[PDB]
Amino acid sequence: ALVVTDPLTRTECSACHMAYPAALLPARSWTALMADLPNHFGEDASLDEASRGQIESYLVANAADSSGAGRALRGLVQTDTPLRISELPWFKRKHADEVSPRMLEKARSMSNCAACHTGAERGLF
């Protein structure tokens, strides 16, 4: 399932986009994100340390490499620490010949999964 099940992560990490599922980035990528929320893609996404710590635990514990080779890892080398799901080789492979300039214009960003996937919040893509 490609769904955030953790309530605090669901709340805090849906404030500005969809709460992205842990399974889509390796643990190192989640750590790096969670270590710099004051400088988060142009926004201040900083949290109180207690909330920050718990969210980091959940993301790392259910990351793409938390149960061996999740699909999202395909085409990654161990020295890659991607900070965007939308920059993964696996993501670009699934989207390349599928998204037209018009579909992309309407979504406004490949970060906006629900603009194209009605079931994105229930894990259906």
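Residues carry their position along the shown sequence, with the first being 1.
- As recorded in the PDB entry, 89-97 is the stretch of 30-38 and 89-97 with the greater mean C-alpha temperature factor.
- When the mean C-alpha temperature factors of 113-121 and 13-21 are read from the deposited coordinates, 113-121 comes out higher.
- Annotation for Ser57: CA B-factor lies in the middle third of the chain's modelled residues.
- In the deposited entry, the Cα temperature factor of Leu73 places it in the middle third of its chain's modelled residues.
- In the deposited entry, the Cα temperature factor of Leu47 places it in the highest third of its chain's modelled residues.
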